[PDB]
Amino acid sequence: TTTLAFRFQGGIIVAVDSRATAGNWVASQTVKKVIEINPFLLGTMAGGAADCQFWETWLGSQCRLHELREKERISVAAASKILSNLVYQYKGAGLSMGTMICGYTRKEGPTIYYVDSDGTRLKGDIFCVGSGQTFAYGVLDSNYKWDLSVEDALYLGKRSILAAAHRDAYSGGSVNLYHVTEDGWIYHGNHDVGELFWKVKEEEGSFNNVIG
Amino acid sequence: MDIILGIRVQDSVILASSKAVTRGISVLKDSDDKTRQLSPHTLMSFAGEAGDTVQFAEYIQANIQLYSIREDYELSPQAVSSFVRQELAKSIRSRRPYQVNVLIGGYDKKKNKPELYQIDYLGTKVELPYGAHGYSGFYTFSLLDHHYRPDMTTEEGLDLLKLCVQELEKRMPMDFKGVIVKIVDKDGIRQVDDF
Amino acid sequence: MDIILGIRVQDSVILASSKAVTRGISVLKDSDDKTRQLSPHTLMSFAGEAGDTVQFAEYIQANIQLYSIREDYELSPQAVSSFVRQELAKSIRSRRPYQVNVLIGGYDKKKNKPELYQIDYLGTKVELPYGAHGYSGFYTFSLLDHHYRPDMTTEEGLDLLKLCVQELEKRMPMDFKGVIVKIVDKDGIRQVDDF
Amino acid sequence: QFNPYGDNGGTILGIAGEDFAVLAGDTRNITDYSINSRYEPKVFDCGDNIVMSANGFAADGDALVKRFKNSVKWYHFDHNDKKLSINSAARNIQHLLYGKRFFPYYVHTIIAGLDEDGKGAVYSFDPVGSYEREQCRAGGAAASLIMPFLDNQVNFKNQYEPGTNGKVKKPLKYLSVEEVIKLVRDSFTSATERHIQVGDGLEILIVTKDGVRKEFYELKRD
Amino acid sequence: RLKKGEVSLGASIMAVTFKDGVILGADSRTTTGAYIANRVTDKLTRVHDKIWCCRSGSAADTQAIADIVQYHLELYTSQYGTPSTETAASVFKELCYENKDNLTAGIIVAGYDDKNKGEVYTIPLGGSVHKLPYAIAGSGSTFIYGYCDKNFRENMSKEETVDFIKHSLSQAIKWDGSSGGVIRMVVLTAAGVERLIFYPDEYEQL
Amino acid sequence: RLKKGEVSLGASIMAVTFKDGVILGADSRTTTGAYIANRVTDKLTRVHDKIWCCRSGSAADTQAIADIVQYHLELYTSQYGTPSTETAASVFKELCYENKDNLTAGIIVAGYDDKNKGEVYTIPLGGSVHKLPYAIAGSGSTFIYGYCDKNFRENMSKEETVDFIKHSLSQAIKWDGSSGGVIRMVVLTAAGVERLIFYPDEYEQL
Amino acid sequence: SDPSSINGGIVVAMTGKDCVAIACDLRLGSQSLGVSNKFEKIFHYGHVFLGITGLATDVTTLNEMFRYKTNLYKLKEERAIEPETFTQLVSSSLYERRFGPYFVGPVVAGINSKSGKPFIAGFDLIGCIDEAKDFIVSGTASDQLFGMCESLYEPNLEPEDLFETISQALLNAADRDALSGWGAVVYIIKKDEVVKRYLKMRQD
Amino acid sequence: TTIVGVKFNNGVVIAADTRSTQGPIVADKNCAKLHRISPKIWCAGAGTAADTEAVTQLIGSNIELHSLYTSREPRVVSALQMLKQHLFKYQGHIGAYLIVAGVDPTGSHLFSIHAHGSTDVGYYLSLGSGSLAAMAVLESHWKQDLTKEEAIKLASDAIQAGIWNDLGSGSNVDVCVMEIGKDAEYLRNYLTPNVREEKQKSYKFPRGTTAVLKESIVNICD
Amino acid sequence: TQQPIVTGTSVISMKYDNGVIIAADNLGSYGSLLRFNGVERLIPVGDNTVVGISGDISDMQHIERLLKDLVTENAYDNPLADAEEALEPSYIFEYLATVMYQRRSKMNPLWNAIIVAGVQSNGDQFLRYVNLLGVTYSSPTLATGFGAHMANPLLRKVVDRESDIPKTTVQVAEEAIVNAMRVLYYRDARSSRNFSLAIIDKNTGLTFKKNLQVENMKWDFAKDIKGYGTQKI
Ligand SMILES: *[C@@](C)(CO)[C@](*)(O)[C@H](CC(C)C)NC(=O)[C@H](Cc1ccccc1)NC(=O)[C@H](CC(C)C)NC(=O)[C@H](CCc1ccccc1)NC(=O)CN1CCOCC1
Ligand SMILES: *[C@@](C)(CO)[C@](*)(O)[C@H](CC(C)C)NC(=O)[C@H](Cc1ccccc1)NC(=O)[C@H](CC(C)C)NC(=O)[C@H](CCc1ccccc1)NC(=O)CN1CCOCC1
Ligand SMILES: [Cl-]
Ligand SMILES: [Cl-]
Ligand SMILES: [Mg+2]
Ligand SMILES: [Mg+2]
Ligand SMILES: [Mg+2]
């Protein structure tokens, strides 16, 4: 896996790859690593596939039960803490999860929480999670500004996953883009690295290490 | 020993190497030069196991200098890199192998081209536009994939290198006390004193 | 989690705690506050195993806050420290112990005295003029042995603390991204924003 | 020390068409270098136009299929004989598998059928419950041999339009039941040649709106 | 399978059916390693009037088992009358089988009914039950498999059976360091219960 | 001691001196775990005209040793004439003792001199030498210590010694899974060298 | 710490009608980190082609070693070495290091200049020869390559058709292996002409 | 592997399957396990494939030099002795399991050698992973005084038992007949009962399907 | 977690036109020691099923007791216990298969390999295998332990597929089974000469044969074999 999400002027960008591996065997190139919890909440998935998928769909059920009981959408903080408290109960049992709970509410504004399987829970503006997190960080950090436009922010997120997809052997397939605003999340398409790499190489002039 | 980087541009090769020497919970030195001049137009940086690194570098340096005196001629970077690779390829099947990783930056005067070679302790050689050893690569490679262009100048290369060091200083766990930068071109080897 | 320090002076207790949160070869965050307010005049910093640290701190915080509501009264730092020690002393013989080390800095309003308690994950409590957890102590204790005086002011304590952080930034292997400093005195708890 | 797991070999394969779906699997059962049976079926009709196979450790595979078949039965009792949709079955199976997260069923599960729009559907599972709908999936011992061939022939991967300078991709289209069975038979004969645990016989289960049909073909017995 | 440093009952034990009933036989030695902890042990023990057993393996385990079996058969007698030898063996098995991981007890059960005459059941480490004409067990029994198979006959007399046991255990003792001391025997017949003993000076020079 | 997966020579071997000389005896079973790799093996092997040996332990080790000993004794004969049986045993010992770490070879040496008549030397795993009236060895020998000690007599006849070996190995085979097949024998006397064989149908029903 | 899967890579070879093809990927990595996308694994000595997968230091070492040996061969024999003979030389050299072996999976390919017969062969790390009429595979995606070749291959393919078959075999196999890919090269070899084509593949 | 050796009236016959494995993967579907040590001394090999080839060639080379030195046709016992002493010296690490057979001036012979250097004599022998399947057939159908045609039938039947029942063995049956007074006849692919069936579909791609980045002519000439 | 102590070796079986045959030797091994010789390892259930068991004997005796108790329990409140509602082979197998898998799942297995042979009420042949892992499979021929390696090859030459079952008579089928038992005695180091054999026919019913012996053995060629290579004497 490579997954990222960063906060900026125009809300939150969330970008993920779609590869799944079993050792060196590429098992899938079309995995959905973003879970759509509700129109205002997203969750990213890295680590054990079953662990992430099972518990984040479970998280969605707990969020639904909150708004039925409280007649109000759950906060990003509360949603992330449900997941972090859950994995903490299983600490030492061998769960493998690197997740990011991203969303918007009125009281909080745009918010991102990093939550992992050893119980760590951190609020923050920028996070990259997965085997190719460092490759994404390299591109993202060196090009990040708070004042990025929605168009530029979407591209930087896409370009950061592409960078990791290229270098990290255990990342690839395609890029899934999301944009989170005050009005909720908006899907910005599936982008196959097969066509995207060459399109980016030609137009941007980058990737000069590769034989053109 | 930890961070060594290398970038080949249009007319030169630039090597950056961390200054910190750490043993246990103490930084013993913060001004260490992790490189040796093999010949006037060839420079080798190194990183790995304590003691092995310097012992290996100086041993190579002595051999290349011996060749230069014998033939009154400077070996090409390609020739030096091949010699270095073979020494490491011997080493890996010895009783006690050299645990040293190197970058060899040189300027070929016959071809009038800069050349950067990355060689690991196993004797694995590759020619590259940009290279790194250790955990550094996990950040710098993707960064350079994006920002690097083949026709860049030496000044553009130094800015590109500053971008790498900044990223490393932000996301690396250990304090590596900055880097010593050196440039290899048609006029030989020189050190950037203010980085 | 790594560096947490504490200095008791004439009229206050000063706690300094590193901002870095590192996982693997990546610094995930550089603005982390490794402390919780247990009561208006009691502050606890913490360091240790990931997840355990915050889970333990907040659990203690909830219990002390529950006491405050029930009795409409603030527990003394000595009483809070004893409660915390017992929880860790239970923990160490559990199925899965809390691997958390803490410093408790408080101001006793009845005695009009500042108090600093150092408690490790085993439940080992000591009252001290200055304290540290982890590798930090190997530098700071000897430094404070020399420069510390019991009748110092809060400002003198902050300068003494700057001297510790500088030494750590010079000789520690890891980049801990500076510290968040907080002061505990007769007027409660406040944070120094520029350090 | 007692080892509760074993490897019974074999391999399985699921392909989805426009209005149909197939789930194939060889009939050979093995332990180490011995053949246990030349005909031991591991692809099962579970009712509600759902076919299922759980390949790997056969004892776990049988236990799982048995529990899912039972899950279908109780779904009818508890919800007024409602048809269990393929998507609902998939989610139910995830919970069966993840229920034993800390003592897993050592199997690769594949189910096939029709979705609620009448279109062909194939779902695949890992041992602990992670699942995904796909047009194509091979599982088991020879999955690594068959799967890339399916990427090339079913999803037309790495195939471009001739003369277009590698710019226009070969367009995706559904395959006929005749063309799919050709690919299944070729996949298994190829796997039989190069994998020792694969052979003896091939059993295919085809699923259309009309029901569940079967076809059987001989495979090399060496 | 023995616990470290626990007393070892390694033995030369045997039970032999014959015309008038059954005879149990055993050596007298206990070891911890190479040191003989007890040289005069009684390894033939009563669980009921005419149902006895030979003990081998762990001293502690076999004693604890035999004490429980004696309790069960005493309670059986109070409700249902005298138990069969098969019944006694079943109670031994149940304990040995269900606790096979925590126990080291190689027990031979031997008893005399009026209907069923002399019977012998052997129970090895696993907890399995085997009904036999005669049985041998203990560390020293290996050395006398050949001898006992060649020399055993069905429907022997009392004096012949006593000689068969004496000669057999004599050899087992001679070759097994874990066996030695006196040779104890117990005779089970319709007549009653008779105890016999044989000393080194006699049996060594056989 | 056996190397993983190597053929095991586990056996029922014995050599017995008697009035006219000495007789060697052995089973024919060779095993790789519980599979019988050879059911008709010859474990009695010639190192000199009237000096033979019985092999047990590792098939490879015993063969390599026996081949070297045969070489030494052939070279001894060319220079110094016929070697004594003691001399042959000494050469076996020297190889077994000096390479005790790398070898698994339980060898019985048996030969016939005119002066010294029949002699038997046994050489266990350690490499020690023991001169005896008779000797037994191999996995299956454990089961016939009792039988052989009770039934052996000095100065037996040829027919008595053949019966003694046949009955003994029959029992060893019956109880040892690592022993089986035919019973081979070799007779060493002043008359010469005679080979004998005995099949299951005969010896099983003894 | 498994020498054969540290760097990654694959090689495949096929025969056709009066021709042979040999192809390889371009990746060199250090476990998860992709380092080089220019690392070719196919070399040639005269008209004999050798592909080598496995530990990269040994790939380089063996290329240099066989260049050394074939050069001396040519000087003494006064002719180019043939594929059948070279195959034996490779086997000898690898078995010489029986108990301290080069961690490689070599593949020979070429046309015998005298008879004109197409020839391919493969080896394990200690020199065992694997000859084949149809195809030889090697590398971290060998399972994948075996599956592709066994289904796609047919005998007596023309050079132009054979190119398509071997290329599709390599590409789809590489895309199912994490340590293989990052580019590819295909050699088409006729009696007296040799074409070398670089393939466009996904770069992840 | 499965390999066998059977003695008959006027000589000896050996046989072998032709499967070569790499874990569970079939590396070579038609490899030659029968090796020529000298013209009339042949060797069937099982175990580590490189070791059986290397050890058979080395001894074969030394046998040739010995034959030239002594001006005599080589003997089977010489090959036997040289092989066992070599294998013993390497304490099993050279994993060669051989059935050595042949005719010489002394007569016809049949032996087996194991990796640790132990040898056995017999009228019928079998080695390899399918030796149990083969030996079952040999034990059931072998008799004294076999003819040439009967021994070939028995030997091939024993290999077939390995081919069908052992996953380690497969494909074809190689045979070598060594009769006294005649040349030894090597019968490569004596039986071929595992022919691949016609594929359902041709996977010949349209020309231009593969995307290409660069072309270049390679220089093979001087 | 167990380790088997007293053990039983191969159980072999096959189908023929009108029914099934099953066999197993009478040995109870204690490691390399062939300790017990009167051990019956075929256990009939009713007049239409035979359960053959290999592996640990203490666990075998436990399984005996369960089957014995199953017959008793089936008879309770069942007027058709000796007719329509009698125990079928399929019922007996599924029960055992359930137990074996439950025990492996509790990490405390019954250390056995079991073959349930019988004939159903409708005349159909039943033959299915189950072991300590709960693994189950069916085939025209089935065997455990060595039997799997040596017997199956021989029995498959008679019945290689389903269509060969009607073509195989009880005479031909029994001959193959008896031959297989001889081969196992030649080659299995933990086997005995004495064995039991059972036939369950749809017409003639259950025939249980005890105290059989392996015979017509070839040992004569042994006398010609001398040394291990060179040796002539
Ligand atoms: C990047 C892509 C790689 O790390 C991401 O991290 C992704 C995250 C997405 C998928 C949510 N992670 C994975 O792909 C993840 C990596 C991984 C694997 C194993 C443990 C932890 C992390 N992959 C998986 O979870 C795979 C997904 C399969 C291919 C769909 N699953 C497995 O490997 C399974 C089950 C793993 C498992 C976990 C915990 C307990 C038990 C099992 N394992 C197998 O399938 C084993 N094997 C596969 C090959 O054939 C034989 C059976
Ligand atoms: C039957 C079919 C199986 O026993 C026969 O016995 C045949 C014998 C004939 C072919 C000579 N045996 C094999 O085919 C034999 C089986 C085997 C495998 C592994 C170890 C021992 C025996 N196969 C081989 O020897 C193959 C030959 C290949 C197909 C050319 N070799 C390998 O599998 C090598 C083993 C190398 C080895 C090293 C050290 C000790 C012993 C053997 N393995 C690999 O190449 C696997 N791997 C691939 C990636 O690179 C690293 C090695
Ligand atoms: Cl006692
Ligand atoms: Cl031998
Ligand atoms: Mg086979
Ligand atoms: Mg004694
Ligand atoms: Mg990648």
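By the method listed in its record, X-ray crystallography, this PDB entry was determined to a resolution of 2.80 Å.

(A) Quick peek at the overall build of chain B. Counting its secondary structure elements, chain B contains four helices and twelve strands. By the compact-globule yardstick of 16 Å for 195 residues, chain B fits well, its C-alpha radius of gyration being 16 Å. Dimensions of chain B along its principal axes, counting C-alpha atoms only, are 45 × 45 × 25 Å. With 195 residues in all, chain B has 56% of them scored as buried. Nonlocal contacts in chain B, meaning residues at least 24 apart in sequence, comprise 62% of its contacts between residues at least 6 apart. For chain B, the exposed area adds up to about 8,300 Å²; of that, 46% sits on carbon and sulfur atoms.

(B) Fine view of the coordination of the magnesium ion (ligand 7). Protein ligation of the magnesium ion (ligand 7) involves A:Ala165 (O), A:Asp168 (O), A:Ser171 (O) and G:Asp204 (O), the donor distances falling in the range 2.1 to 2.8 Å. Of the two residues, A:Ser171 is situated in the loop between α4 (150-167) and β11 (174-181) and G:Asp204 in the segment after β12 (194-199); the pairing between them involves two chains. Look at G:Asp204 and you get buried, because its relative accessible area is 11%.

(C) Representation of the sheet that holds strand β5 (residues 34-38) of chain H in the model. Residue and element names in this part refer to chain H. The sheet built from five strands is open, its strands ordered β5-β6-β7-β8-β9 with antiparallel pairing. At either margin of the open sheet sits one strand with a lone partner, and together these are β5 and β9 (119-121). Each adjacent strand pair in this sheet contributes to an overall mean axis angle of 25°, direction not counted. Contacts from helix α1 (residues 49-70) reach β5, β6 (41-47) and β7 (96-104) within the one sheet, and its direction differs from that of β5 by about 20°.

(D) Local environment of the packing of α1(H) against helix α2 (residues 76-89) of chain H. All names here are of chain H. Following both chains from N to C, one finds α1 and α2 inclined at 130°, their axes separated by 10 Å at the closest point. On the basis of the axis angle, α1 is oblique to α2. As for how α1 packs across α2, the hand of that crossing is right-handed. Here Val55, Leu58, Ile59, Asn62 and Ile63 of α1 come into contact with α2, specifically with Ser78, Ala79, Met82, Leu83, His86 and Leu87.

(E) Highlighting the coordination of the magnesium ion (ligand 5). The magnesium ion (ligand 5) binds to the protein through H:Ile163 (O), H:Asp166 (O) and H:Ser169 (O); the donor distances cover 2.2 to 2.7 Å. The exposure class assigned to H:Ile163 is buried, which follows from its relative accessible area of 0%.

(F) Region of interest: the site of ligand 2. Taken together, 17 residues lie around ligand 2, and H:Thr1, H:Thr21, H:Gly47, H:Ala49 and H:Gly168 are the ones closest in. Near ligand 2, the surrounding residues are drawn from chains G and H. One of the side-chain N or O atoms of G:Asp124 is found 3.3 Å from a nitrogen atom in ligand 2. When residues of the shell around ligand 2 are traced back to their parent elements, those giving at least two are β3 (20-22) and α1 of chain H.

(G) Local environment of the sheet that holds strand β6 (residues 41-47) of chain A. All names here are of chain A. The sheet built from five strands is open, its strands ordered β5-β6-β7-β8-β9 with antiparallel pairing. Looking along the sheet, the strands with just one partner apiece sit at the ends: β5 (34-38) and β9 (121-123). Across this sheet, the average inter-strand angle for adjacent strands is 20°, counted without regard to direction. Bridge analysis of strand β7 (residues 97-105) against strand β8 (residues 109-116) gives eight bridges, and the strand direction is antiparallel. Among the inter-strand pairings, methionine 100 is bridged to a residue of β8, identified as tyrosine 114. With respect to the sheet, helix α1 (residues 49-70) is in contact with β5, β6 and β7, its orientation differing from that of β6 by roughly 160°. Lying over the sheet, helix α2 (residues 76-89) contacts β6, β7, β8 and β9, oriented at roughly 160° with respect to β7.

(H) How the structure looks around the site of ligand 1. Of all residues adjacent to ligand 1, which total 18 residues, the nearest are A:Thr1, A:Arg19, A:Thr21, A:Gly47 and A:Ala49. One chain alone does not account for the residues near ligand 1; they come from chains A and D. At a separation of 2.8 Å, a nitrogen atom of ligand 1 approaches a polar backbone atom of A:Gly47. At 3.2 Å from a nitrogen atom of ligand 1 is found a side-chain nitrogen or oxygen belonging to D:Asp126. Relative to its free-state accessible area of 980 Å², ligand 1 is covered by the protein chains to the extent of 66%. Among the elements of the structure, β3 (20-22) and β6 of chain A are those that each provide at least two residues to the shell around ligand 1. At three residues, β3(A) tops the list of elements feeding residues into the shell around ligand 1. By residue class, the composition of the shell around ligand 1 is eight nonpolar, six polar and four charged.

(I) Broad picture of a negative patch on the surface. All names here are of chain B. Negative charge collects at one region of the surface, where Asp151, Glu155, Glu156 and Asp159 lie side by side. Relative to the elements of secondary structure, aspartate 151 occurs in the loop between α3 (137-147) and α4 (154-171). You can call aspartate 151 exposed: its relative accessible area is 53%.

(J) View of the environment of E:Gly10. Residue and element names in this part refer to chain E. With respect to the element layout, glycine 10 can be found in the segment before β1 (13-18). Each C-alpha atom, one on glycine 10 and one on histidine 48, is 24 Å from the other, the two residues being 38 residues apart in sequence. The contacts of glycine 10, once residues within four sequence positions are left out, are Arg29, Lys43, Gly57, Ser139 and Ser178.

Reading the values: rules and limits
- All residue numbers refer to a per-chain count from 1 along the written sequence rather than necessarily to the numbering of the entry. Residues that lack coordinates are not shown.
- Working convention: letters from A go to chains and numbers from 1 go to ligands, in the order in which they are written.
- Taken from a larger assembly, the chains shown here are the sole basis for all values reported.
- Processing note: side-chain calculations cover all non-hydrogen atoms of the structure and skip hydrogens and water entirely.
- Counting from the N terminus, the helices are the DSSP runs of H or I reaching at least four residues and the strands are the DSSP runs of E reaching at least two.
- What the globule rule says is 2.2 Å times the number of residues to the power 0.38, and the radius of gyration is computed from C-alpha atoms.
- In this scheme, a residue with accessible area under 20% of its type's maximum is buried, one over 50% is exposed, and one in between is partly exposed, where area comes from a 1.4 Å probe on protein chains only.
- Contacts are assigned to residue pairs with any non-hydrogen atoms lying within 4.5 Å of each other.
- Only the protein chains shown count as cover for residues, with accessible areas throughout obtained via the Shrake-Rupley method and a probe of 1.4 Å.
- In this listing, donors mean N, O and S atoms no farther than 2.8 Å from the metal, or 3.2 Å for Na, K and Ca; water is missing from the atoms, so a site can look incomplete.
- Only strands joined by at least two bridges in the DSSP assignment are considered to pair.
- Helix axes are fitted only over the stretch in contact, all axes being lines through C-alpha atoms; the angle between N-to-C directions runs from 0 to 180 degrees.
- Under this scheme an angle from 65 to 115 degrees is roughly perpendicular, one under 35 degrees roughly parallel, and one over 145 degrees roughly antiparallel; angles in between are oblique.
- In this scheme the crossing of two helices becomes right-handed for a clockwise turn of the near helix relative to the far one and left-handed for an anticlockwise turn of less than a right angle.
- Summary of the distance rule: residues count as near a molecule or strand when at least one heavy atom falls within 4 Å of that molecule or strand.
- Two N or O atoms count as a polar contact when they lie within 3.5 Å, although within protein this holds only if one can serve as hydrogen donor and the other as acceptor, and sequence-adjacent residues are included solely when both atoms are side-chain atoms.
- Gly falls in the polar group here, along with every residue not listed as nonpolar (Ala, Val, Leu, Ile, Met, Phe, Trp, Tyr, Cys, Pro) or charged (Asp, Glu, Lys, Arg).
- Only residues whose relative accessible area exceeds 30% and that take part in no salt bridge are eligible for patches, with like-charged residues grouped when within 9 Å of each other and nonpolar side chains (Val, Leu, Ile, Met, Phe, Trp, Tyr) grouped when within 5 Å.
- Any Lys or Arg side-chain nitrogen found within 4 Å of a carboxyl oxygen on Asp or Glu counts as a salt bridge.
- Counted charges follow a simple rule, with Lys and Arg positive, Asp and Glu negative, and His plus the chain ends left uncounted.
- Every charge is mapped to an atom, namely NZ of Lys, CZ of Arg, CG of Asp or CD of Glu.

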